[PDB]
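Read through the structure below, which is laid out as structure tokens, and then see the notes.
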Amino acid sequence: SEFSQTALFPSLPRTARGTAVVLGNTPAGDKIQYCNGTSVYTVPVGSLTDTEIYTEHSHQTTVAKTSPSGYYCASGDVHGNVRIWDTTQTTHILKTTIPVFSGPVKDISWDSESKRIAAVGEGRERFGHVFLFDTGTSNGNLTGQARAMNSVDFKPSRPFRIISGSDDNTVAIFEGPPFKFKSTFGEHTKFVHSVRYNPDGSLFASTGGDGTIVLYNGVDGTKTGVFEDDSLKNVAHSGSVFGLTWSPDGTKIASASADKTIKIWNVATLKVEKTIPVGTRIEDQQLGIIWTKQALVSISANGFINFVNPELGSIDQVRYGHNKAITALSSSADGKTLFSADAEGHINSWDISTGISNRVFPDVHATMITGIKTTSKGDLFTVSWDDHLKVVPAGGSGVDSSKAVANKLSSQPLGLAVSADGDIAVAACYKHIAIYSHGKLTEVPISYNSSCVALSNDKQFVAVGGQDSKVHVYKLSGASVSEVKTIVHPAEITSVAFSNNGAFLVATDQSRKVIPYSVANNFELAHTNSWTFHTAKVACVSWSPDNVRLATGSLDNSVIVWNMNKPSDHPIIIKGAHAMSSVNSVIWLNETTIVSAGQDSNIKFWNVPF
């Protein structure tokens, strides 16, 4: 009512080296599903801003699958929980939730009728469970394999069957309902990571650590062939195969491997038609893959989403982003570009209007970036816990990190402020106020530990928040500072910002207070009202271009919009702006538009009318 979300640049899937990423998809195949944090993402192969998120799991999400009917989605987590919910409405009403076993769910499978669900993983009491979706009633017994079950799939045609892959190196097949163990197959010599039936259920294939792909008769599970690459010796891949998927017509199979390639195989000839190399880096290993009626997607170890053109044997599109906590944002002066930085030093550029992303490479930092700022000349200023302040030139690749000027800092940078043109940059460090201008770094030692910084638009003031529960305001001339005000807070300062017109300075502290000061009144309190609505640490603050409204992001998952003109009015509270996640950064793109980023790797845009 008082606000609405206009867009989302979604988190990439969570990844773990040498671990499979299982994807789900909608009936039309127009959208895929994957997980990060405690959420389930439904990403369209069409849009880049209309992804949908479902965040009701209380534990780290592992896999999510939408029913053939398309009305429901069954998602599991590391604790063995499987939630079944409506995907059609913004309410996502829970139909059923059930703890299938004590341990992480690794894969889930809906049956053709959308009446049954099979879940496999690492339980103490069992590695798999099959039950009716609406009632939660057991539909059989998946006992049979000795170790964790990594993959599971229903035979889409009658007579119904269920196949599974396990860490015991075996493939198992069950018949029913009620489902019961039928047989085990031992073609594989290492962990089985993926087992899948073709669209008509006449056949299914398996693959895993041994790098081989075996083909089987869908009803009895008798081996009918193996896919081998003529360029290799009796194997399909030169390393572990984390997943395989069938083309819509069932004539081809695509596999994703640790050998950094995606291969398209012809089912009839059992030969590889095309090998699609992603790159030479360990980040290029392929950990998951899925072929829908509208797209073939493969996931890199770095989280990137690769759209494959099976016909041309090439990568059509690649979506970048983040799967680790976003820690800083900056938007271009012209409002067309947004830069985002994360806890692991990765930076992405985004076209604000389209959502198209670009990953800065090589990385500007190998660790935690606590500040980033773009300037009117394309330069990109950054500070990181590798104790450096770097300036990266622009649009030649867009940001040739390869030509960034690095400057070692004396102490850890916790905040960054840079003038519009990049003439002056100031970094609040643990034991210094670092100033960079005209290619020279000057570091003023301070007797307190700073926590944040803000530079006034006219470049005359520098406000430094401190762990001494004080806001130190200085008049700046070159790298020479003169303190003109020391503002006392009841707790440690967490963030600061000057309004564009320089009329106000706002500071937030660990007591959860948000306090603005009148610069014209020598930094005296602008109002007596207590703006203490956040129920958790305030992590960031930013002013609207109107110099009246401001916004704060907090560890309590919300963004709050404050109004300097009506201090006693209740503020606008976007509750759960970033569900189960802290809002680390916020910026006003215009008088009624805010962009937020959180620990959840999500970047959200909000419209907040006057």
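All residue numbers here begin at 1 and follow the chain in the order shown.
This deposition comes from X-ray crystallography, 2.0 Å.
Using the three backbone atoms N, Cα and C, a Cβ is placed for every residue, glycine included.
Taken straight from Swiss-Prot:
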- 56-95: repeat 'WD 1' (REPEAT)
- 144-184: repeat 'WD 2' (REPEAT)
- 187-226: repeat 'WD 3' (REPEAT)
- 236-275: repeat 'WD 4' (REPEAT)
- 321-360: repeat 'WD 5' (REPEAT)
- 445-484: repeat 'WD 6' (REPEAT)
- 488-527: repeat 'WD 7' (REPEAT)
- 533-572: repeat 'WD 8' (REPEAT)
- 578-609: repeat 'WD 9' (REPEAT)
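Note on the repeat 'WD 5' (321-360): residues 7, 9-15, 36, 47-49, 303-304, 366-376, 380, 382, 384, 386, 392, 398-399, 401, 416, 420, 584-587, 589-590, 595, 597-603 of its chain, located 6 or more positions outside it, place their CB under 8 angstroms from a CB of the stretch. Highest Cβ pair count under 8 Å relative to the repeat 'WD 3' (187-226), across stretches 56-95, 236-275, 445-484: 236-275. Counting residue by residue with DSSP, the repeat 'WD 8' (533-572) contains 0 helix, 18 strand, 22 coil. Helix first, then strand, then coil: DSSP counts for the repeat 'WD 2' (144-184) stand at 0 helix, 23 strand, 18 coil.
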